[PDB]
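Participant: Next up is a structure, given as structure tokens.
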Amino acid sequence: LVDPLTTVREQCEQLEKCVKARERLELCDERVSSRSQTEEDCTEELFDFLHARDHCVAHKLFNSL
Amino acid sequence: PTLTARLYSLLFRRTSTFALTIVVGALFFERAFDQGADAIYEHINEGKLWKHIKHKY
Amino acid sequence: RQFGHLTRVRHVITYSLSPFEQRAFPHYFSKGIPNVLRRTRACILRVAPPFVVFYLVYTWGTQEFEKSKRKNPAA
Amino acid sequence: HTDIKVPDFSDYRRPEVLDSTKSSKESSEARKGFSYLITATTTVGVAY
Amino acid sequence: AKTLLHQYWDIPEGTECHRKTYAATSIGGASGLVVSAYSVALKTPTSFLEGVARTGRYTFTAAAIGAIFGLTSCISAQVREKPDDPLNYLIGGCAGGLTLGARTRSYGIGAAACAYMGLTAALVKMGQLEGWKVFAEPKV
Amino acid sequence: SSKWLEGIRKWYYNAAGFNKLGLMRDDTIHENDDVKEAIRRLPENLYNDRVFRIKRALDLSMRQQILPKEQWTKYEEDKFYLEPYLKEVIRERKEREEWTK
Amino acid sequence: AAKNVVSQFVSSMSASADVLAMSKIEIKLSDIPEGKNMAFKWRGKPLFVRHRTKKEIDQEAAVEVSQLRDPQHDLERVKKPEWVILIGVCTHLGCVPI
Amino acid sequence: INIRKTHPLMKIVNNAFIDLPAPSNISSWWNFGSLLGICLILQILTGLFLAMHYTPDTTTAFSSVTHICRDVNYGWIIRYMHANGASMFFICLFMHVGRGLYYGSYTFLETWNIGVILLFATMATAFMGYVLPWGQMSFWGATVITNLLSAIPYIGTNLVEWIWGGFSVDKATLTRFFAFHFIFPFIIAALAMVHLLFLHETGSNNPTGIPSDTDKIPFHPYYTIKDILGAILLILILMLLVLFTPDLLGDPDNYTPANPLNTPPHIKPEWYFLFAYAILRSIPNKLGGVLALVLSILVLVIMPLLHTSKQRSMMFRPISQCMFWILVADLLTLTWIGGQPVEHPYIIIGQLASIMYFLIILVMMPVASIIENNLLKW
Amino acid sequence: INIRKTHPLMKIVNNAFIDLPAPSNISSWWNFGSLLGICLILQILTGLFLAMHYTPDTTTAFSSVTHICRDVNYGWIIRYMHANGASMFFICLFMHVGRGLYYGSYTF
Amino acid sequence: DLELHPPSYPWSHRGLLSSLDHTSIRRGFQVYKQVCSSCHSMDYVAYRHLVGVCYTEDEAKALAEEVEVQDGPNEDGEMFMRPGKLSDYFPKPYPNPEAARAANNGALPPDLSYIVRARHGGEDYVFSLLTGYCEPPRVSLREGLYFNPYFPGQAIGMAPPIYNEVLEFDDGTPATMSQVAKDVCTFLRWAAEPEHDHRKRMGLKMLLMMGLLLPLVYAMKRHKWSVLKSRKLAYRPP
Ligand code: HEC
Ligand code: HEM
Ligand code: HEM
Ligand code: HEM
Ligand code: HEM
Ligand code: FES
């Protein structure tokens with residue numbers, strides 16, 4: 001019942017600049033959350049590493065399908 | 001090379017003989033080449049078409 | 001324009017040989033390949049400096065697009 | 001005017017006709033047939 | 001000088017491009033003027049128009065090799081999308097050596113220049129990539 | 001000075017390309033009818049040499065092939081023959097215009 | 001007689017008399033919350049009917065008069081600050097300004 | 001004696017396409033006239049079968065085009081062949097225009113004028129046929145370009161109301177464009193015969209620009225087999241595109257039905273108009289913009305009235321060839337500008353490139369003409 | 001000298017319309033060539049405006065022609081010019097052929 | 001905002017001479033008739049188009065008979081409906097686009113005949129759209145609009161069946177996520193291109209005829225032109 005999609009999604013991003021961009025995302029996320037109601041929303045980073053992770057996942061996705 | 005010379009003497013001397021030659025040649029190679037082309041197209045997949053799994057059902 | 005009253009020529013002998021007794025491709029991979037390399041030598045100095053300048057402007061244009069649509073302020 | 005000689009086409013002649021001493025009667029049918037057979041295969045493809 | 005070589009290496013490589021080629025042409029102009037200055041000190045051209053001509057040839061050629069090096073650097077970095085190899089600058093040094101042989105108008109010099117400039121350029125980027133200091137520690 | 005302009009001229013004459021097909025300077029001229037009058041008024045021997053050089057050039061560009069090194073017409077030994085004749089034809093053109101105005 | 005026939009052909013290519021049957025429109029305004037621009041087709045053109053927001057009323061009130069190429073003050077065109085009705089057509093070329 | 005010079009049809013054909021004294025050194029680029037002709041008659045044929053399977057109404061248009069691409073057999077390749085054949089038509093057409101500009105063949109005056117008339121006619125045909133599928137991109141490109149025609153004051157508004165057949169883009173506009181996309185290629189074919197007429201009268205042109213009237217060979221059987229080779233190259237590229245990438249030139253906005261409400265920001269016209277659509281939104285002036293567009297193709301009219309250099313080729317001039325290749329790069333830059341959205345930096349480089357277009361033509365090619373006219377004692 | 005005799009189109013116009021040496025004897029029964037020509041291009045013109053305002057489908061065909069009768073300005077006269085111009089066209093074509101069979105031009 | 005660029009996958013039909021997996025198209029149509037045939041309409045395919053693709057003739061006829069029609073007039077003229085076998089489109093769960101807009105949070109669902117080719121990216125975009133549901137860093141979240149980065153504006157009034165409504169496939173293939181999503185996107189690729197296998201067949205026939213025809217034409221041109229490449233000129237004056 002477990003898809004391999006979540007498996008490779010977990011599996012690709014062990015140590016990566018994807019993980020570096022997650023730390024960048026949490027840095028701008030702490031900037032967003034620890035500052036009450038300004039404009040900047042920390043979303044650019046979210047888009048760009050979810051692109052990065054879906055490409056590295058797409059590199060080896062069709063194995064166990 | 002005389003096999004091309006005797007081919008010239010048999011089938012390339014006359015005009016209408018040359019036309020009838022290319023008629024028979026184009027028809028036979030049409031048949032056999034379409035068979036070979038479809039064979040190559042099924043060989044390059046062998047498991048993807050509708051025909052084999054439609055008759056194995 | 002008809003065929004025969006074009007000009008006046010004296011003093012010229014033109015030899016030429018039949019198509020059959022000469023071959024199809026005389027020294028094709030022996031002279032034609034230095035031929036095409038010499039032809040490429042005659043042009044690219046004054047063909048490429050448009051195209052690579054276009055190319056760098058293309059890279060810079062996409063660069064300005066991405067860095068000016070994605071802004072990263074201080075907030 | 002008698003000093004009109006041809007420049008030799010030894011770079012261009014076919015291997016049956018590189019011999020400037022053998023006759024070119026029994027060398028004719030094969031050469032003409034090979035050229036016409038290339039034209040014939042072209043015509044077969046175009047007609048297909 | 002340290003300012004302009006620092007300007008060259010401070011660019012992420014990477015693509016921030018045509019600044020790379022401008023810096024490389026500035027390198028070429030400087031190096032051509034250096035070596036031409038020694039040459040015009042040590043030849044005495046007479047006429048002086050020949051002295052300006054020789055310095056112009058040296059500056060122009062070194063700037064040309066700098067431009068071609070930077071161009072194929074930028075293009076290979078954009079195309080391969082793998083900015084860490086020295087192979088792209090190996091292409092760089094060979095292209096620079098080829099056009100050196102072009103502007104001196106003989107081909108064997110271009111061949112040996114392709115080989116040696118490619119090997120030196122791969123080693124330069126590779127040594128920056130690992131980190132081998134300029135001239136010294138000088139500690140122990 | 002004046003030596004430098006001539007060196008630019010020599011470079012440009014080599015990079016122009018019409019010395020690589022053996023042509024000379026007065027054989028690339030674009031035809032108005034004044035050019036056609038100047039071609040009509042030529043002496044016979046140079047006219048024959050003109051048509052021979054033109055015919056070799058059209059041949060070599062037909063097989064897209066350049067002459068050897070040795071047969072290139074070197075700079076400033078080519079005959080600058082057309083400029084007297086074409087000069088006088090344009091002069092008579094200016095004469096018609098200045099007389100009828 | 002030639003220009004009579006010319007005018008016959010020009011007027012035959014001019015327009016269509018059933019397409020000359022345009023109409024009036026009747027638009028209901030309670031299904032339109034704040035900042036919502038509903039586009040009802042009429043005359044072959046978009047009819048934007050928008051209930052704007054008050055924050056954009058601040059952003060339009062901070063639009064200066066004499067620095068524009070054509071000052072048309074918002075009070076000098078419509079009846080309400082938060083309701084607006086336009087032919088949804090950019091007068092350059094007639095797109096849909098989204 | 002011979003029927004080939006007694007029968008009056010064959011008199012014209014034997015003095016046109018058999019014993020035509022072409023010069024001997026034609027390079028690859030003179031095949032493109034025959035290629036344009038073959039593309040044109042293939043366009044006429046594929047469009048004819050399309051016209052046999054098509055019902056033109058705003059209710060029914062996209063339904064019918066879908067019907068052609070599904071049920072009527074092989075009509076999918078008829079549709080795709082018509083579209084990519086228009087594409088290859090304009091590629092071959094810009095090659096033929098570029099050749100005529102490059103080798104100094106623009107001295108042939110009334111031939112060149114007939115050429116520009118042919119160019120406008122092909123542009124109108126391509127525009128109206130591209131309106132025809134009646135999708136989203138079709139619809140908004142139609143409305144944009146018609147109000148661009150409305151930019152001229154005091155008659156042009158009513159002129160646009162007149163060419164509508166309505167007060168907007170209506171069914172009547174659709175059938176007007178169907179009728180004209182049908183009837184214009186016949187006018188193009190007849191004017192192509194006129195183009196060829198003046199060319200046969202004045203004489204052809206060698207690559208070197210030398211008056212080459214001493215080394216002729218007739219048109220048969222040399223350039224006949226050369227152009228049959230060229231036609232096979234055309235069929236090669238064309239079947240390669242219609243059998244491996246129909247989406248290489250396809251637009252994703254075309255395949256939706258024409259919502260008259262949505263208008264996506266993907267709003268670009270058909271791709272080979274983008275060399276000139278970008279100029280039209282370059283200059284921030286409406287009437288000045290449409291006048292600038294028509295003046296660009298009028299610059300292509302008044303090309304031959306600036307040649308003053310004394311040799312007509314550009315194989316024998318470096319500097320003019322340099323500026324000409326800058327002109328090629330400039331056109332490709334302008335097409336890319338048209339194929340990108342509206343911003344600040346794109347508008348900067350688009351304004352720069354349109355000014356560079358007119359600056360290459362009206363300044364730099366004559367300044368180079370003066371400088372080689374002065375350089376070699378001419 | 002003259003543009004009519006040397007211009008490459010206008011030579012064809014000169015050998016077409018200006019200087020065709022005709023017999024000086026023909027009565028009105030030889031008009032029908034140009035009459036069939038003017039009928040023919042008038043037919044093309046009427047049919048062209050027709051096909052501007054016509055939709056070819058059996059759902060919509062007679063309704064479309066009805067629309068030409070109603071809403072197109074002078075559309076009823078354009079439709080009637082096309083129909084009766086076709087009828088005039090076939091009358092004049094039989095006149096042309098009756099000439100060519102009577103007066104012996106069928107030796108050509 | 002941004003456009004998130006979709007990926008590129010090593011598809012079964014990615015290569016330029018591949019067919020489509022007809023078994024995958026069969027289960028893709030099965031997924032379509034289960035879940036996807038509730039919101040989206042796909043008018044431009046009939047049941048007869050499936051007759052030689054991924055279903056046999058008789059099975060597909062019974063499948064078309066499963067769904068009623070609401071056919072038009074009869075002898076009396078008012079109403080009746082039809083079983084519906086072969087001349088039959090896939091019947092339109094939303095009759096009006098206003099009714100479709102009203103049945104959801106506005107935002108009428110697109111029709112699914114030309115989706116794969118009409119959305120700035122192929123079935124990659126449909127797949128990654130279908131799988132990419134995630135959570136926002138404080139966007140407005142207008143009451144029904146799911147955040148999804150593979151969409152311009154990212155706000156989508158479509159519930160994801162990306163695992164929801166597992167549908168018990170007719171064979172026993174594991175009803176995971178990537179399996180069902182990839183196979184229904186393969187179905188949509190088919191529904192965009194009913195010529196794909198046939199068109200690559202004719203593309204390969206063209207490949208062989210041009211690899212077998214073009215050098216002969218080139219050689220024949222070089223043969224007849226070989227006179228002019230070999231003619232040599234010489235100058236005879238007095
Ligand atoms: C009702 C709920 C459904 C169901 C069962 C499915 N979809 Fe989806 N879908 C729905 C809506 C209301 C919309 C429009 C709103 C929006 O686009 O955000 C959509 C949209 C799509 C699209 C369009 C994407 C685009 O514009 O590029 C696609 C391709 C799509 N839906 C596909 C799809 C498939 C394959 C479904 C079966 C699994 C499916 N939808 C179910 C509403 C609904
Ligand atoms: C007189 C002959 C022609 C006829 C009868 C004809 C007919 C058609 C038809 C019916 C269409 C709509 C089909 C479709 O778009 O899917 C069409 C489209 C089109 N035609 Fe033509 N056409 C003709 C000549 C040309 C020519 C000469 C060109 C220019 C090269 C051309 C360019 C186009 C273009 C660009 C389209 C749009 C293609 C598309 O969007 O699918 N047509 N034509
Ligand atoms: C409708 C599209 C056109 C067609 C089908 C067309 C067709 C042709 C053909 C068949 C030739 C003869 C080719 C040859 O002799 O090698 C030709 C020559 C020529 N055309 Fe066109 N043409 C078209 C448009 C144009 C345009 C737009 C121009 C530019 C104004 C143009 C300018 C020329 C010139 C200059 C030549 C002479 C070639 C030379 O001898 O160098 N043509 N054209
Ligand atoms: C398509 C419709 C036709 C047109 C537009 C047409 C047009 C013309 C024209 C313009 C002429 C020259 C002037 C004249 O004699 O009236 C002519 C002459 C002639 N036509 Fe036709 N024609 C048509 C049909 C036919 C037919 C069906 C025939 C019978 C086979 C025919 C037989 C002739 C003959 C014999 C002449 C020579 C008469 C003469 O000039 O003395 N034409 N036609
Ligand atoms: C290419 C030019 C032509 C076009 C575009 C054209 C177009 C049309 C159209 C759209 C119709 C149907 C509309 C209607 O009649 O209610 C039509 C009908 C007709 N056309 Fe043409 N036509 C052309 C040439 C001709 C010619 C040359 C003739 C013969 C002289 C002709 C004779 C007719 C006739 C007899 C009808 C039937 C009229 C009726 O009974 O209502 N057409 N044409
Ligand atoms: S800006 Fe050009 S139409 Fe709105």
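Every chain in the structure tokens has a letter given in the order shown (A, B, ...), and although residue numbers restart at 1 in each chain, ligands are simply numbered from 1 in the order shown.
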Enumerate, as an MDAnalysis selection string, the complete set of residues in chain D that a backbone-based DSSP assignment places in helix (DSSP H, G or I).
Facilitator: chainID D and resid 28:47
Participant: Please identify the residues whose atoms come within 7 Å of ligand 3, using only C-alpha atoms and all ligand atoms, and report them as a ChimeraX atom specification.
Facilitator: /H:30-34,36-37,93,96-97,100,103,105-106,108,111-116,118-119,188,192,195-196,199,204-206
Participant: If you keep N, CA, C and O atoms, can you produce a file of those selected residues as a tab-separated table (two decimals), in the first residue's frame?
Facilitator:
```tsv
chain	number	residue	atom	x	y	z
H	30	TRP	N	20.39	29.41	-54.59
H	30	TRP	CA	19.42	29.68	-55.64
H	30	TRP	C	18.45	28.55	-55.84
H	30	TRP	O	17.66	28.60	-56.79
H	31	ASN	N	18.49	27.51	-55.02
H	31	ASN	CA	17.45	26.50	-55.08
H	31	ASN	C	16.16	26.99	-54.45
H	31	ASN	O	15.10	26.40	-54.70
H	32	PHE	N	16.23	28.05	-53.65
H	32	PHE	CA	15.11	28.42	-52.81
H	32	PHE	C	13.96	29.02	-53.59
H	32	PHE	O	12.85	29.05	-53.07
H	33	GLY	N	14.19	29.48	-54.82
H	33	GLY	CA	13.06	29.90	-55.63
H	33	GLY	C	12.17	28.73	-56.00
H	33	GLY	O	10.95	28.77	-55.83
H	34	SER	N	12.80	27.65	-56.47
H	34	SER	CA	12.05	26.43	-56.77
H	34	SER	C	11.45	25.83	-55.51
H	34	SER	O	10.34	25.28	-55.55
H	36	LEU	N	10.39	27.57	-52.86
H	36	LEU	CA	9.22	28.36	-52.55
H	36	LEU	C	8.05	27.99	-53.45
H	36	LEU	O	6.91	27.92	-52.98
H	37	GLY	N	8.33	27.72	-54.72
H	37	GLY	CA	7.26	27.29	-55.61
H	37	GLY	C	6.66	25.96	-55.21
H	37	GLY	O	5.43	25.78	-55.21
H	93	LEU	N	11.32	31.49	-47.47
H	93	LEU	CA	11.07	32.83	-47.98
H	93	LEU	C	12.07	33.82	-47.41
H	93	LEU	O	12.57	34.68	-48.14
H	96	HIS	N	15.31	33.25	-49.27
H	96	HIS	CA	15.31	33.82	-50.61
H	96	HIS	C	15.42	35.34	-50.57
H	96	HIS	O	16.14	35.94	-51.37
H	97	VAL	N	14.76	35.97	-49.59
H	97	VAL	CA	14.90	37.41	-49.41
H	97	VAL	C	16.32	37.76	-49.01
H	97	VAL	O	16.91	38.71	-49.54
H	100	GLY	N	18.64	37.55	-52.00
H	100	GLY	CA	18.47	38.68	-52.90
H	100	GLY	C	19.02	39.96	-52.33
H	100	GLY	O	19.46	40.84	-53.08
H	103	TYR	N	23.56	38.95	-52.28
H	103	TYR	CA	24.46	38.92	-53.42
H	103	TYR	C	24.28	40.06	-54.37
H	103	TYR	O	24.75	39.94	-55.51
H	105	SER	N	21.67	41.06	-55.87
H	105	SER	CA	20.64	40.84	-56.87
H	105	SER	C	19.47	41.80	-56.73
H	105	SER	O	18.52	41.69	-57.50
H	106	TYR	N	19.53	42.73	-55.80
H	106	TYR	CA	18.46	43.70	-55.67
H	106	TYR	C	18.56	44.83	-56.68
H	106	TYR	O	17.74	45.74	-56.61
H	108	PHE	N	17.82	44.46	-59.70
H	108	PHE	CA	16.76	44.17	-60.65
H	108	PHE	C	15.48	44.76	-60.08
H	108	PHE	O	14.84	44.17	-59.21
H	111	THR	N	11.46	43.56	-60.64
H	111	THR	CA	11.45	42.25	-60.00
H	111	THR	C	11.39	42.38	-58.49
H	111	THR	O	10.59	41.72	-57.83
H	112	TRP	N	12.20	43.28	-57.95
H	112	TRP	CA	12.27	43.48	-56.51
H	112	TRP	C	10.98	44.09	-55.96
H	112	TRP	O	10.53	43.72	-54.87
H	113	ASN	N	10.35	44.97	-56.73
H	113	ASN	CA	9.07	45.54	-56.32
H	113	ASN	C	7.98	44.48	-56.29
H	113	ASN	O	7.19	44.39	-55.33
H	114	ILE	N	7.92	43.66	-57.35
H	114	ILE	CA	7.03	42.51	-57.39
H	114	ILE	C	7.29	41.58	-56.22
H	114	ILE	O	6.35	41.02	-55.64
H	115	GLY	N	8.55	41.46	-55.83
H	115	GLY	CA	8.89	40.68	-54.65
H	115	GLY	C	8.24	41.21	-53.39
H	115	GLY	O	7.63	40.45	-52.64
H	116	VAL	N	8.32	42.52	-53.16
H	116	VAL	CA	7.75	43.05	-51.92
H	116	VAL	C	6.22	42.90	-51.91
H	116	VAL	O	5.62	42.62	-50.86
H	118	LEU	N	4.71	40.38	-53.28
H	118	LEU	CA	4.56	38.98	-52.91
H	118	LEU	C	4.73	38.76	-51.42
H	118	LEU	O	4.02	37.94	-50.83
H	119	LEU	N	5.61	39.53	-50.79
H	119	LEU	CA	5.87	39.35	-49.36
H	119	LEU	C	4.67	39.77	-48.52
H	119	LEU	O	4.27	39.05	-47.59
H	188	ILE	N	-1.02	34.96	-55.35
H	188	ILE	CA	0.40	34.78	-55.12
H	188	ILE	C	1.04	33.97	-56.25
H	188	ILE	O	2.13	34.31	-56.72
H	192	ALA	N	3.79	35.26	-58.82
H	192	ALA	CA	5.03	34.51	-58.93
H	192	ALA	C	5.42	34.32	-60.38
H	192	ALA	O	6.61	34.41	-60.74
H	195	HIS	N	6.89	37.64	-61.38
H	195	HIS	CA	8.25	37.72	-60.84
H	195	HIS	C	9.24	36.98	-61.72
H	195	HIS	O	10.27	37.53	-62.13
H	196	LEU	N	8.87	35.77	-62.11
H	196	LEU	CA	9.71	34.98	-62.99
H	196	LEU	C	9.81	35.57	-64.39
H	196	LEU	O	10.85	35.43	-65.04
H	199	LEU	N	12.28	38.35	-64.27
H	199	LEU	CA	13.61	37.80	-64.07
H	199	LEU	C	14.18	37.21	-65.36
H	199	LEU	O	15.35	37.44	-65.68
H	204	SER	N	19.72	36.56	-65.07
H	204	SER	CA	19.88	35.98	-63.75
H	204	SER	C	21.09	36.61	-63.07
H	204	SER	O	21.60	37.64	-63.51
H	205	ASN	N	21.57	36.02	-61.98
H	205	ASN	CA	22.71	36.60	-61.28
H	205	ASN	C	23.60	35.51	-60.72
H	205	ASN	O	23.13	34.65	-59.96
H	206	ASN	N	24.88	35.60	-61.03
H	206	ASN	CA	25.88	34.68	-60.51
H	206	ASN	C	26.18	35.01	-59.06
H	206	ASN	O	25.74	36.03	-58.54
```
Participant: Which residues are near ligand 2 - at most 6 Å, using only C-alpha atoms and all ligand atoms? Format: as a list in words.
Facilitator: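 Listed by chain and ascending number, the contacts are residues 40, 43, 44, 47, 48, 50, 51, 65, 79, 83, 86, 89, 125, 126, 129, 130, 132, 133, 181, 182, 183 and 185 of chain H.
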Participant: Can you tell me which residues surround residue 4 (chain E) at a distance of at most 10 Å, considering only C-alpha atoms, apart from same-chain residues fewer than 2 positions away, and format the answer as a PyMOL selection string?
Facilitator: chain E and resi 1-2+6-10+23-24+26-27+30
Participant: What would the file look like if the residues just selected were written as a PDB file, in the first residue's frame with C-alpha atoms?
Facilitator:
```pdb
ATOM      1  CA  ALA E   1      47.602  43.466 -10.240  1.00  0.00           C
ATOM      2  CA  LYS E   2      45.853  41.794  -7.358  1.00  0.00           C
ATOM      3  CA  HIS E   6      40.802  39.211  -7.660  1.00  0.00           C
ATOM      4  CA  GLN E   7      37.984  40.649  -9.768  1.00  0.00           C
ATOM      5  CA  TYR E   8      38.347  37.725 -12.144  1.00  0.00           C
ATOM      6  CA  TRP E   9      38.242  35.014  -9.518  1.00  0.00           C
ATOM      7  CA  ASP E  10      35.552  36.658  -7.380  1.00  0.00           C
ATOM      8  CA  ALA E  23      38.127  40.922 -16.907  1.00  0.00           C
ATOM      9  CA  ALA E  24      39.995  38.445 -19.092  1.00  0.00           C
ATOM     10  CA  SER E  26      41.872  43.421 -19.107  1.00  0.00           C
ATOM     11  CA  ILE E  27      44.306  40.671 -18.022  1.00  0.00           C
ATOM     12  CA  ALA E  30      48.049  44.222 -18.990  1.00  0.00           C
TER      13      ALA E  30
END
```
Participant: How would you write, as a VMD selection string, the set of residues no farther than 6 Å from ligand 5 when counting only C-alpha atoms and all ligand atoms?
Facilitator: chain I and resid 40 43 to 44 47 to 48 50 to 51 65 83 86 89
Participant: At a cut-off of 8 Å around ligand 1, and using only C-alpha atoms and all ligand atoms, what residues come up? Please write them as a ChimeraX atom specification.
Facilitator: /J:31-32,35-40,101,104-110,112,115-116,119,125-126,129-130,145,151,154-162,181,184-185,188
Participant: Give me the residues within 9 Å of residue 60 (chain F) as an MDAnalysis selection string, counting only C-alpha atoms and dropping any in the same chain fewer than 5 places off.
Facilitator: (chainID F and resid 21 55 65:67) or (chainID H and resid 25)
Participant: Write out as JSON lines a residue-level contact list of chain C versus chain A with cut-off 12 Å: for each qualifying residue the closest pair of atoms and the distance in Å to one decimal, counting only C-alpha atoms, rows sorted by chain and residue number upward.
Facilitator:
```
{"residue": "C:66", "atom": "CA", "partner": "A:44", "partner_atom": "CA", "distance": 11.3}
{"residue": "C:67", "atom": "CA", "partner": "A:44", "partner_atom": "CA", "distance": 11.5}
{"residue": "C:69", "atom": "CA", "partner": "A:44", "partner_atom": "CA", "distance": 10.3}
{"residue": "C:70", "atom": "CA", "partner": "A:44", "partner_atom": "CA", "distance": 7.3}
{"residue": "C:71", "atom": "CA", "partner": "A:44", "partner_atom": "CA", "distance": 9.0}
{"residue": "C:72", "atom": "CA", "partner": "A:44", "partner_atom": "CA", "distance": 8.3}
{"residue": "C:73", "atom": "CA", "partner": "A:40", "partner_atom": "CA", "distance": 7.3}
{"residue": "C:74", "atom": "CA", "partner": "A:40", "partner_atom": "CA", "distance": 8.0}
{"residue": "C:75", "atom": "CA", "partner": "A:40", "partner_atom": "CA", "distance": 6.0}
```
Participant: May I have the selected residues written with C-alpha atoms, as an mmCIF file, in the first residue's frame?
Facilitator:
```
data_model
loop_
_atom_site.group_PDB
_atom_site.id
_atom_site.type_symbol
_atom_site.label_atom_id
_atom_site.label_comp_id
_atom_site.auth_asym_id
_atom_site.auth_seq_id
_atom_site.Cartn_x
_atom_site.Cartn_y
_atom_site.Cartn_z
ATOM 1 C CA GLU C 66 15.308 35.691 -13.155
ATOM 2 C CA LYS C 67 17.196 37.993 -10.806
ATOM 3 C CA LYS C 69 11.637 38.747 -10.970
ATOM 4 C CA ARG C 70 13.060 37.024 -7.875
ATOM 5 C CA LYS C 71 13.979 39.899 -5.620
ATOM 6 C CA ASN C 72 14.929 38.759 -2.054
ATOM 7 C CA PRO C 73 14.281 41.958 -0.032
ATOM 8 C CA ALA C 74 15.284 42.697 3.564
ATOM 9 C CA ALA C 75 12.306 42.126 5.852
#
```
Participant: Using only C-alpha atoms, determine which residues lie at most 10 Å from residue 32 (chain D), disregarding the query and same-chain residues fewer than 3 positions distant; provide the list as a PyMOL selection string.
Facilitator: (chain B and resi 4-5+8-9+12-13) or (chain C and resi 20-21) or (chain D and resi 27-29+35-37)
Participant: If I take CA of residue 148 (chain H) and CA of residue 277 (chain H), how far is one from the other in Å, to one decimal?
Facilitator: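 Going from CA of residue 148 (chain H) over to CA of residue 277 (chain H), I get 10.7 Å.
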Participant: With 10 Å as the limit and counting only C-alpha atoms, what residues in chain H lie close to chain C? Please list them as a PyMOL selection string.
Facilitator: chain H and resi 15-16+19-21+200-203+212-218+315+318-319+321-330+332-333+336-337+340-341+343-346+349
Participant: Around ligand 6, at most 7 Å away and counting only C-alpha atoms and all ligand atoms, which residues are there? Put them as a PyMOL selection string, please.
Facilitator: (chain G and resi 90-95+97) or (chain H and resi 144)
Participant: Hey, which residues come within 6 Å of ligand 4 if we count only C-alpha atoms and all ligand atoms? Could you give them as an MDAnalysis selection string?
Facilitator: chainID I and resid 30:34 36:37 97 100 105:106
Participant: Just N, CA and C atoms for this one: save the residues we selected as a short mmCIF file (atom, residue, chain, number, x, y, z; two decimals), in the first residue's frame.
Facilitator:
```cif
data_model
loop_
_atom_site.label_atom_id
_atom_site.label_comp_id
_atom_site.auth_asym_id
_atom_site.auth_seq_id
_atom_site.Cartn_x
_atom_site.Cartn_y
_atom_site.Cartn_z
N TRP I 30 -19.47 38.32 -82.84
CA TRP I 30 -18.13 38.03 -82.36
C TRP I 30 -17.84 38.73 -81.04
N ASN I 31 -18.83 39.37 -80.43
CA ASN I 31 -18.59 40.04 -79.16
C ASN I 31 -18.41 39.07 -78.02
N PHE I 32 -18.87 37.84 -78.18
CA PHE I 32 -19.16 37.01 -77.03
C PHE I 32 -17.92 36.46 -76.35
N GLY I 33 -16.75 36.63 -76.93
CA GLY I 33 -15.58 36.24 -76.18
C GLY I 33 -15.34 37.12 -74.98
N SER I 34 -15.24 38.43 -75.22
CA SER I 34 -15.08 39.37 -74.12
C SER I 34 -16.32 39.43 -73.25
N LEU I 36 -18.20 36.78 -72.54
CA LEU I 36 -18.05 35.67 -71.62
C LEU I 36 -16.97 35.93 -70.60
N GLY I 37 -15.94 36.70 -70.96
CA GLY I 37 -14.93 37.06 -69.98
C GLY I 37 -15.45 37.97 -68.88
N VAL I 97 -20.46 29.43 -79.17
CA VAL I 97 -20.27 28.17 -79.88
C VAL I 97 -21.07 28.15 -81.19
N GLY I 100 -19.00 29.95 -83.67
CA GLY I 100 -17.83 29.19 -84.08
C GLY I 100 -18.15 27.99 -84.93
N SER I 105 -15.07 28.92 -88.04
CA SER I 105 -13.84 28.98 -87.26
C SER I 105 -13.45 27.65 -86.66
N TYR I 106 -14.27 26.62 -86.84
CA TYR I 106 -13.95 25.30 -86.33
C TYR I 106 -12.92 24.59 -87.17
#
```
